[PDB]
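Worksheet for the structure shown next.
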Protein chains: 2
Amino acid sequence: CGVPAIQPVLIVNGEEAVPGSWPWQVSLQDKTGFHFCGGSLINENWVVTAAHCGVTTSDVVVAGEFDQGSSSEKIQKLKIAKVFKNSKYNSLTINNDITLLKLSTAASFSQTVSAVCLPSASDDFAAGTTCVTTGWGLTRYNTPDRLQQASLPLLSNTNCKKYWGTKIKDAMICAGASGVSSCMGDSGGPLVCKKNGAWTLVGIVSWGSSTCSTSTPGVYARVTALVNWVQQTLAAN
Amino acid sequence: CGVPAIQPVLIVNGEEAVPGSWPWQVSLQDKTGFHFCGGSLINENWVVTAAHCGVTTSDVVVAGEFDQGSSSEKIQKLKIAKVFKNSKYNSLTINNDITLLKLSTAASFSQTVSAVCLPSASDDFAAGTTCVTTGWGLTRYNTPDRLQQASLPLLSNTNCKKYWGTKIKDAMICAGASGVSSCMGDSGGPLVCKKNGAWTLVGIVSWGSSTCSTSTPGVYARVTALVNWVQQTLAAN
């Protein structure tokens, strides 16, 4: 996992990504074809997203897109067999914001469709570390056709509390406050960090500034606090 | 519909309701028993809630509760056969925020469990009209065991724009700004108005002040703009 065939070359204030460079990035679409949330493939049969995306078996997982306005990409619209919302999820506090999507039919991995790595529960993602977030959410609080990316730093929970207070829980990790912002439509999408040459999912786009303020920290589901559940869920289904 | 057997006697700044007086009010609970959203029974097999509640077939519809901390109420924990999210729903803008829940097994109507009425698409709910909202959301931005209620006035879209601007769409109806506020956990719940002696669902608790400010208007899904879909959905399933 985590090594794109098409190497990425480095959301409000983001940049257009190189087509197919974030192979695990999928798009959650309603019956209507409307993109409402991002997702990350972890294997050919499972997608990780935000519990708040409120995905159902009537939504579809779309893989391999770059330009959502395009009809010329070899994309995969996959049916969802079932929705696994983490029982620890608290919608009131947006805590433990993660849901697993089991596909009815397996994605066909290619150059443009592949898996992101998942970390170990004990892994350390240090404050100051520069990671990348991707997605098709608003670029202006203004919806892009083409997939955007942005490099941004991890913050420590303590420093994040400075902005958000008691809203930040252990199962949360803050990123941003750097001149870029994840925004409406980015939710469920990946926050990845590169190490020993591969990308690991450290966060799931969860919530942030009501106006996608670029000077405010973005909040993501801390994958290290949720990976045991991911593993438990895959093991059992 | 809309005529409680146990007559209601007239959420932040609300009041405890008379037990069983809002018979259509249900509670959406996760596997864990955690109440995350409200709902309204429209008949013995269907529940109307907010699309944003992100309900799945793994959540349960609970009917007949007053005190969620109690073990002595004759309540009904109903399985959900399927989730019908309105395809018009836009999560980015929280527009057309409605989902229908079809129960696996029919609720047993009683004195404490019954249906709310649905209006006609053409119905007029005038600004200034006093309605009631119910639910178990926070009473302080602080979660209540016992069901709360609050009377509050309808606002016109135009006046509401004054506070929320372009966020207010045609499928939205504002209520509050009156000294009471719907709050986290109230979502999916009812906004009912009494006329010709019965209660009609005019709104579905949708969104509002990030701090449940009592001087800010609450936003609810305007049932008149969604009732045709409700009827279409029931007709077909």
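Starting from 1 in every chain, residues are counted up; chains themselves are A, B, ... following the order of the structure tokens, and ligands are numbered from 1 as listed.
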Item to check | All alpha helix (DSSP H) residues (DSSP, backbone) inside chain A, as a list in words | outcome: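 Listing alpha helix (DSSP H) positions across chain A yields residues 157, 158, 159, 160, 161, 162, 163, 164, 223, 224, 225, 226, 227, 228, 229, 230, 231, 232, 233, 234, 235 and 236 of chain A.
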Go ahead and save the picked residues with N, CA and C atoms, as a PDB file, in the first residue's frame.
```pdb
ATOM      1  N   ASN A 157      -2.668  18.090  20.071  1.00  0.00           N
ATOM      2  CA  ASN A 157      -4.044  18.332  20.623  1.00  0.00           C
ATOM      3  C   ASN A 157      -4.066  19.550  21.518  1.00  0.00           C
ATOM      4  N   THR A 158      -3.045  19.693  22.344  1.00  0.00           N
ATOM      5  CA  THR A 158      -2.883  20.786  23.275  1.00  0.00           C
ATOM      6  C   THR A 158      -2.918  22.148  22.631  1.00  0.00           C
ATOM      7  N   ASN A 159      -2.185  22.245  21.530  1.00  0.00           N
ATOM      8  CA  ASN A 159      -2.125  23.540  20.798  1.00  0.00           C
ATOM      9  C   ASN A 159      -3.443  23.782  20.090  1.00  0.00           C
ATOM     10  N   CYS A 160      -4.040  22.681  19.633  1.00  0.00           N
ATOM     11  CA  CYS A 160      -5.321  22.816  18.916  1.00  0.00           C
ATOM     12  C   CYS A 160      -6.416  23.308  19.875  1.00  0.00           C
ATOM     13  N   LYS A 161      -6.329  22.860  21.126  1.00  0.00           N
ATOM     14  CA  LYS A 161      -7.361  23.263  22.112  1.00  0.00           C
ATOM     15  C   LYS A 161      -7.433  24.791  22.195  1.00  0.00           C
ATOM     16  N   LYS A 162      -6.289  25.409  21.937  1.00  0.00           N
ATOM     17  CA  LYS A 162      -6.185  26.878  21.974  1.00  0.00           C
ATOM     18  C   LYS A 162      -7.219  27.534  21.100  1.00  0.00           C
ATOM     19  N   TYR A 163      -7.558  26.911  19.976  1.00  0.00           N
ATOM     20  CA  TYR A 163      -8.537  27.420  19.041  1.00  0.00           C
ATOM     21  C   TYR A 163      -9.931  26.826  19.284  1.00  0.00           C
ATOM     22  N   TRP A 164      -9.955  25.514  19.476  1.00  0.00           N
ATOM     23  CA  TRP A 164     -11.219  24.796  19.641  1.00  0.00           C
ATOM     24  C   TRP A 164     -11.608  24.339  21.014  1.00  0.00           C
ATOM     25  N   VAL A 223      -6.688   8.490  12.881  1.00  0.00           N
ATOM     26  CA  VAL A 223      -6.710   7.065  12.491  1.00  0.00           C
ATOM     27  C   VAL A 223      -6.032   6.129  13.483  1.00  0.00           C
ATOM     28  N   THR A 224      -5.068   6.631  14.259  1.00  0.00           N
ATOM     29  CA  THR A 224      -4.414   5.724  15.203  1.00  0.00           C
ATOM     30  C   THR A 224      -5.362   5.251  16.301  1.00  0.00           C
ATOM     31  N   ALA A 225      -6.367   6.033  16.646  1.00  0.00           N
ATOM     32  CA  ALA A 225      -7.328   5.700  17.679  1.00  0.00           C
ATOM     33  C   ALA A 225      -8.473   4.836  17.170  1.00  0.00           C
ATOM     34  N   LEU A 226      -8.586   4.745  15.862  1.00  0.00           N
ATOM     35  CA  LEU A 226      -9.603   3.980  15.150  1.00  0.00           C
ATOM     36  C   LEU A 226      -9.136   2.792  14.380  1.00  0.00           C
ATOM     37  N   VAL A 227      -7.824   2.634  14.191  1.00  0.00           N
ATOM     38  CA  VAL A 227      -7.355   1.509  13.346  1.00  0.00           C
ATOM     39  C   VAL A 227      -7.663   0.154  13.933  1.00  0.00           C
ATOM     40  N   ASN A 228      -7.697   0.047  15.270  1.00  0.00           N
ATOM     41  CA  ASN A 228      -8.005  -1.311  15.844  1.00  0.00           C
ATOM     42  C   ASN A 228      -9.399  -1.754  15.405  1.00  0.00           C
ATOM     43  N   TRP A 229     -10.332  -0.791  15.426  1.00  0.00           N
ATOM     44  CA  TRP A 229     -11.720  -1.067  15.001  1.00  0.00           C
ATOM     45  C   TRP A 229     -11.731  -1.426  13.508  1.00  0.00           C
ATOM     46  N   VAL A 230     -10.983  -0.686  12.699  1.00  0.00           N
ATOM     47  CA  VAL A 230     -10.952  -0.983  11.250  1.00  0.00           C
ATOM     48  C   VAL A 230     -10.569  -2.460  11.042  1.00  0.00           C
ATOM     49  N   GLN A 231      -9.521  -2.858  11.751  1.00  0.00           N
ATOM     50  CA  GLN A 231      -8.962  -4.215  11.651  1.00  0.00           C
ATOM     51  C   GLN A 231      -9.927  -5.248  12.169  1.00  0.00           C
ATOM     52  N   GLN A 232     -10.600  -4.926  13.250  1.00  0.00           N
ATOM     53  CA  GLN A 232     -11.602  -5.807  13.867  1.00  0.00           C
ATOM     54  C   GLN A 232     -12.747  -5.987  12.861  1.00  0.00           C
ATOM     55  N   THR A 233     -13.197  -4.890  12.278  1.00  0.00           N
ATOM     56  CA  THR A 233     -14.295  -4.901  11.295  1.00  0.00           C
ATOM     57  C   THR A 233     -13.989  -5.691  10.036  1.00  0.00           C
ATOM     58  N   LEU A 234     -12.789  -5.551   9.484  1.00  0.00           N
ATOM     59  CA  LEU A 234     -12.388  -6.277   8.268  1.00  0.00           C
ATOM     60  C   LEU A 234     -12.241  -7.767   8.559  1.00  0.00           C
ATOM     61  N   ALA A 235     -11.710  -8.054   9.739  1.00  0.00           N
ATOM     62  CA  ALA A 235     -11.457  -9.432  10.178  1.00  0.00           C
ATOM     63  C   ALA A 235     -12.727 -10.265  10.256  1.00  0.00           C
ATOM     64  N   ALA A 236     -13.777  -9.647  10.713  1.00  0.00           N
ATOM     65  CA  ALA A 236     -15.087 -10.193  10.912  1.00  0.00           C
ATOM     66  C   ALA A 236     -16.036 -10.170   9.729  1.00  0.00           C
TER      67      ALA A 236
END
```
Using only C-alpha atoms, find the residues of chain A whose closest atom to chain B is at most 9 Å away, then write them as a short mmCIF file (atom, residue, chain, number, x, y, z; two decimals) with N, CA and C atoms, in the first residue's frame.
```
data_model
loop_
_atom_site.label_atom_id
_atom_site.label_comp_id
_atom_site.auth_asym_id
_atom_site.auth_seq_id
_atom_site.Cartn_x
_atom_site.Cartn_y
_atom_site.Cartn_z
N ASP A 30 -24.31 10.56 -4.55
CA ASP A 30 -25.73 10.15 -4.30
C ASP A 30 -26.28 9.60 -5.61
N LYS A 31 -27.56 9.17 -5.61
CA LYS A 31 -28.22 8.64 -6.78
C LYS A 31 -28.10 9.56 -8.00
N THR A 32 -28.09 10.83 -7.68
CA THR A 32 -28.03 11.98 -8.56
C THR A 32 -26.71 12.25 -9.21
N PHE A 34 -24.20 13.49 -7.53
CA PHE A 34 -23.64 14.59 -6.69
C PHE A 34 -22.61 14.07 -5.69
N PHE A 36 -20.66 14.34 -2.47
CA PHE A 36 -20.91 14.89 -1.15
C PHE A 36 -19.78 14.57 -0.18
N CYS A 37 -18.95 13.58 -0.49
CA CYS A 37 -17.85 13.27 0.48
C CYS A 37 -16.78 12.47 -0.24
N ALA A 51 -17.87 9.08 9.47
CA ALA A 51 -19.19 8.58 9.88
C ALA A 51 -20.23 9.67 9.58
N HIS A 52 -19.86 10.91 9.69
CA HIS A 52 -20.75 12.06 9.47
C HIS A 52 -21.22 12.18 8.03
N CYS A 53 -20.54 11.57 7.09
CA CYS A 53 -20.93 11.60 5.67
C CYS A 53 -22.30 11.00 5.45
N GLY A 54 -22.71 10.19 6.39
CA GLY A 54 -23.97 9.51 6.47
C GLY A 54 -24.33 8.66 5.26
N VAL A 55 -23.35 7.99 4.71
CA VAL A 55 -23.46 7.11 3.55
C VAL A 55 -24.45 5.97 3.82
N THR A 56 -25.14 5.57 2.76
CA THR A 56 -26.09 4.48 2.77
C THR A 56 -25.71 3.54 1.61
N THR A 57 -26.48 2.45 1.55
CA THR A 57 -26.27 1.49 0.45
C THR A 57 -26.84 2.04 -0.83
N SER A 58 -27.48 3.23 -0.75
CA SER A 58 -28.01 3.80 -2.01
C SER A 58 -27.00 4.76 -2.58
N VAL A 83 -22.72 -0.58 5.14
CA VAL A 83 -22.18 0.53 5.93
C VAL A 83 -21.87 0.11 7.36
N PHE A 84 -20.62 0.29 7.76
CA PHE A 84 -20.14 -0.03 9.09
C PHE A 84 -19.74 1.24 9.83
N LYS A 85 -20.68 1.86 10.52
CA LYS A 85 -20.37 3.09 11.29
C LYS A 85 -19.77 2.67 12.62
N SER A 87 -19.30 2.09 16.24
CA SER A 87 -20.26 2.30 17.33
C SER A 87 -19.75 3.38 18.30
N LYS A 88 -18.45 3.67 18.33
CA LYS A 88 -17.92 4.72 19.23
C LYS A 88 -18.26 6.13 18.74
N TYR A 89 -18.72 6.20 17.50
CA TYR A 89 -19.05 7.50 16.87
C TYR A 89 -20.07 8.27 17.70
N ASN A 90 -19.77 9.53 17.94
CA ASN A 90 -20.63 10.47 18.69
C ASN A 90 -20.86 11.67 17.74
N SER A 91 -22.04 11.72 17.15
CA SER A 91 -22.41 12.78 16.21
C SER A 91 -22.53 14.13 16.87
N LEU A 92 -22.88 14.14 18.14
CA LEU A 92 -23.03 15.41 18.89
C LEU A 92 -21.71 16.14 19.01
N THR A 93 -20.66 15.37 19.24
CA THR A 93 -19.29 15.90 19.36
C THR A 93 -18.41 15.61 18.17
N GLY A 137 -13.80 19.25 -2.34
CA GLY A 137 -14.68 20.20 -1.59
C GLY A 137 -14.36 21.60 -2.18
N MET A 184 -16.25 22.21 2.85
CA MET A 184 -17.43 21.36 2.57
C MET A 184 -17.22 20.53 1.31
N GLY A 185 -17.33 19.21 1.47
CA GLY A 185 -17.16 18.26 0.34
C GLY A 185 -15.87 17.45 0.44
N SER A 210 -16.30 26.99 10.22
CA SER A 210 -17.60 27.09 9.55
C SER A 210 -17.44 27.86 8.25
#
```
Item to check | Option closest in space to residue 106 in chain A, from A:118, A:42, A:126, A:175 [counting only C-alpha atoms] | outcome: A:42
Item to check | All strand (DSSP E or B) positions in range 58-153 of chain B, as a PyMOL selection string | outcome: chain B and resi 60-63+67+76-85+90+95+99-103+117+130-135+146+148-153
Checklist entry - Using only C-alpha atoms, which residue out of B:66, B:105, B:41, B:111 lies closest to residue 6 in chain B? => result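 Counting only C-alpha atoms, the residue closest to residue 6 in chain B is B:111.
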Checklist entry - Mind pulling up the distance from CA of residue 206 in chain A to CA of residue 94 in chain A? => result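 Atom-to-atom, CA of residue 94 in chain A to CA of residue 206 in chain A, that is 7.7 Å.
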Next on the checklist: One decimal, in Å: what's the spacing between CA of residue 21 in chain A and CA of residue 156 in chain A?
Outcome noted: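 Distance reported for this atom pair: 28.2 Å.
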Next on the checklist: What's the separation between CA of residue 169 in chain B and CA of residue 208 in chain B, in Å to one decimal place?
Outcome noted: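 Between these atoms lies a distance of 13.7 Å.
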Checklist entry - Using only C-alpha atoms, which of the listed residues (A:188, A:181, A:76, A:7) sits closest to residue 141 in chain A? => result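 Counting only C-alpha atoms, the residue closest to residue 141 in chain A is A:181.
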Next on the checklist: Need the shell around residue 115 in chain B: protein/DNA/RNA residues with any atom at most 12 Å away, counting only C-alpha atoms. Skip same-chain ones fewer than 5 positions apart. Format as a ChimeraX atom specification?
Outcome noted: /B:1-5,21-26,39-48,63-64,107-110,190,192,198-201
